[PDB]
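Now for the letters of each chain:
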Amino acid sequence: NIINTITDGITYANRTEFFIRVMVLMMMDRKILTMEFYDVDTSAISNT
Amino acid sequence: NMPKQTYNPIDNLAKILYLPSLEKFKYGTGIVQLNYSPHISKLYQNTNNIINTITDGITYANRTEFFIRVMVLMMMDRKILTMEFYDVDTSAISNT
Amino acid sequence: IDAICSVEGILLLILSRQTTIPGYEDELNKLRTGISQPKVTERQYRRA
Amino acid sequence: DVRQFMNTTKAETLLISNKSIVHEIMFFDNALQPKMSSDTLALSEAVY
């Protein structure tokens, strides 16, 4: 979709394209994680 | 005797690089000669009327008026060639 | 203007090999494999 | 998982290619092969 070359099947080009798009994804889209907890006492025994 | 084509490969660029040529010299041609193209071979008429001549034949005058026509064509015909291009690989190509 | 310069910079990153060398220079080389030539035609650049 | 070890590609096309056509291959694994049932007479079949 990004490298206009007449090719035969799949060769390094989809890999490059895939790298570019995952890269530009991660460069964008900041997020910060918010979770939720429980109240476990000592029921989880012997497992440090 | 024509050969057979087994193991059909993928040809996403043969149809742009070879097929227009390869069939012109396909296995099984005896002679391949150079000739004028249509749009010029049509300028080679028989009835000579730019240069009168006392004969009913295909005499030199034919060649002469043929020269005249193509010459006055090339006097005109100011054209400019413009074109776009594909873009292909170079490592997956035999010829350098 | 910061956004357009950022676009141009990301573009420089993966074309014209001899510009980008932050600290690795090796997996960037791994990435660049796929442009098929150490020089890129214009229309490819524009469409990119 | 034997039920989906489907992989169809005649070695011809594997051999006649354009030197960069990178394509897919599957790979089974049975190193932990459990003993066969207590009925099978004798495995007289080749699985080259």
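Numbers given to residues start from 1 along each chain, in the order its sequence is written, and need not follow the entry; residues that have no coordinates are not shown. By the order in which they are written, chains take letters starting at A while ligands take numbers starting at 1. These chains belong to a larger assembly; all numbers given describe just the chains displayed. Only hydrogens and water are set aside when side-chain values are computed; all heavy atoms of the structure are taken into account. Residues with missing side-chain atoms are left out of burial classes, side-chain pairs and their counts.

For this deposited structure, the header cites cryo-EM as the method used and 3.9 Å as the resolution.

It is worth spelling out the interface of chain A and chain D at this point. By a widespread convention, an interface's size corresponds to the accessible area lost as its parts come together. In what follows, residue pairs with any heavy atoms lying within 4.5 Å of each other are defined as contacts. Tallying the contact residues gives four residues for chain A and four residues for chain D. Counting each side, the surface lost to burial between chain A and chain D is near 360 Å², with a carbon and sulfur contribution of 47%. The term buried area refers to how much accessible surface (probe radius 1.4 Å) is lost by two components on association, counted for both of them together. Three residues, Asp8(A), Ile10(A) and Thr11(A), lead the burial of chain A against chain D; their summed loss comes to 89% of the area buried on that side. Any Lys or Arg side-chain nitrogen located within 4 Å of an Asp or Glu carboxyl oxygen qualifies as a salt bridge. On the surface where chain A and chain D come into contact, there are zero salt bridges. Any pair of nitrogen or oxygen atoms within 3.5 Å is treated as a polar contact; in protein, a donor-acceptor pairing is required on top of that, and neighbouring residues in sequence qualify only through side-chain atoms on both sides. Inspection of the chain A/chain D interface yields three residue pairs in polar contact. Note on residue classes: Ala, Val, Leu, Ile, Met, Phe, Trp, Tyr, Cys and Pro are nonpolar, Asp, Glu, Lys and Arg are charged, and everything else, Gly too, is polar. When its residues are assigned to classes, the side of chain A that touches chain D shows two nonpolar, one polar and one charged.

Right, let's talk about the interface of chain A and chain C for a bit. Counting from both sides, the interface comprises 11 residues of chain A and, opposite them, 10 residues of chain C. In this assembly, chain A packs against chain C so that about 1000 Å² is buried in total across both faces, 58% of it on carbon and sulfur atoms. Of all residues in chain A, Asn4(A), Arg15(A) and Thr16(A) bury the most surface against chain C, accounting for 40% of the area lost on that side. Taken together, chain A and chain C are joined by zero salt bridges. The interface formed by chain A and chain C holds five residue pairs in polar contact in total. When its residues are assigned to classes, the side of chain A that touches chain C shows seven nonpolar, three polar and one charged.

Another aspect to go through is the nonpolar core. As a rule of thumb, nonpolar side chains are buried together in soluble globular proteins. To form a nonpolar core, buried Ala, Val, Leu, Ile, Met, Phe, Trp, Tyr and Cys residues must be joined to one another through side-chain atoms within 4.5 Å. Relative accessible area decides the class of each residue, using a 1.4 Å probe on protein chains only: under 20% of the type maximum gives buried, over 50% gives exposed, and in between gives partly exposed. Counting residues in hydrophobic clusters, the biggest one holds five residues: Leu11(C), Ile14(C), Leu15(C), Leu31(C) and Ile35(C). When neighbours within four sequence positions are excluded, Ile35(C) is seen to be in contact with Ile14(C), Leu15(C) and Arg17(C).

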